[PDB]
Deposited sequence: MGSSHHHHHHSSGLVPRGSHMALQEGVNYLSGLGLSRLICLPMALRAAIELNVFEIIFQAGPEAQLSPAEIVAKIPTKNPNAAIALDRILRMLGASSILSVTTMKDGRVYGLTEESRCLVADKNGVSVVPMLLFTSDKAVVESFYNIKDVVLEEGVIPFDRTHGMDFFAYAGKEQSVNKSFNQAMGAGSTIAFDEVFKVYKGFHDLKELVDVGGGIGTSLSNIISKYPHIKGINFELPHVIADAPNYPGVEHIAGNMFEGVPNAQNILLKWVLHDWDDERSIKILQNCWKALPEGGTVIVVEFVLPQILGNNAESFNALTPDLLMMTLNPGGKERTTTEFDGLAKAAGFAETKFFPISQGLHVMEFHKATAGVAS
């Protein structure tokens, strides 16, 4: 009945593009640097933006306006204009003391190559077996090996997410305690292993990745980088880490990965899986969005991939030869899961 304000549903595409602009203009760091609970005018923010455009503050106010009404920024309207401060939702856009924030992930997820592929997600409903591989011509990981800007943006997105995930993991999960050697299958640029190793310096880390990812991985002490193809085989390992890998693949390919892991482990070895877990009852909450967001990104980037429930992860482990599963909830849907090879 309210068609008039239903036209405002166009805000759903405006908001993420306004946010990307504000991130690229470094708005949130400028606000945070001004003081603990600073509220800055657009002109005060523009003072820290490298531009000599006199109309920059008027233009910036149009972007921050939308973010404030959307609760990404606080907006207080005063007589000379609006002033903007951080909110609980935008704190994560400011780097921590090690220089890590969600920004690399947010820029990747809204990058051109991803948003372009989003126009074809209805084809996964309409066309059996069709797959990015439409929109672009190869699979996402091959495309990354070919487009270095995408490789870098994705690798940095996953590295930032890795620091963020393991900072949460280490408050709850102590299973890395007794380990001596850990092979990270698809471990990205090695950030996960570096985080683990810095916490447990006795761990020998081996990062197992595609050549075009390894080529741009920095050298962390205690980490050796090995190139390979996890579908053909995984290096012999006392224990294996599998973080944000299984959710890239359908059941058949996930079982193949896990079976290769099983073959590389000795009796008693463990695969440590780190994923978000799809809740049984979905709703408007952090645990739901934390799984539904990567699930939709998978549908456009590697639709074989999908997020899974605890029951589905146990089913993958048992189908791959693992006898015992153990589930360790971390935070808001993030889980560590242990797949134990029998002793």
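Missing from the model, by position in the deposited sequence, are residues 1-26, 158, 371-375.
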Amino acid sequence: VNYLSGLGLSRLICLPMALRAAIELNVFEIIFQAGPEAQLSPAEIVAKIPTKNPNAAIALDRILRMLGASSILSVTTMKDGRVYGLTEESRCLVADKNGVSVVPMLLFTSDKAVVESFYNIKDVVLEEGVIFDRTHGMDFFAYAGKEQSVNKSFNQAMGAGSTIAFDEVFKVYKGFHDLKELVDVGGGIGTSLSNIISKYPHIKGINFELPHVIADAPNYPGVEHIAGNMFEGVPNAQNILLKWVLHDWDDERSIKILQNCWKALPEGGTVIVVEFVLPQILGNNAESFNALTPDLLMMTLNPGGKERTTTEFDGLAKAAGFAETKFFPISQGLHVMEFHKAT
From here on, numbers count along this sequence of modelled residues.
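Look at the mean CA B-factor for 73-81 and for 202-210 in the entry; the higher one is 73-81. Looking at mean Cα B-factors across 183-191 and 221-229, the upper value is held by 221-229. Across 42, 35, 315, 305, the greatest Cα temperature factor reported in the deposited entry is at 35. Per the PDB record, 267 has a higher Cα B-factor than any other of 267, 250, 116, 168. Among all modelled residues in this chain, the alpha-carbon of residue 134 has a temperature factor (C-alpha) in the highest third. Residue 323: CA B factor lies in the highest third for its chain, per the PDB record. Per the deposited record, the Cα B-factor of residue 176 falls in the highest third when ranked against the other modelled residues of its chain. Residue 62 sits in the lowest third of its chain by CA B factor, as recorded in the PDB entry. Ranked within its chain, residue 255 lands in the lowest third, by CA B factor from the PDB record.
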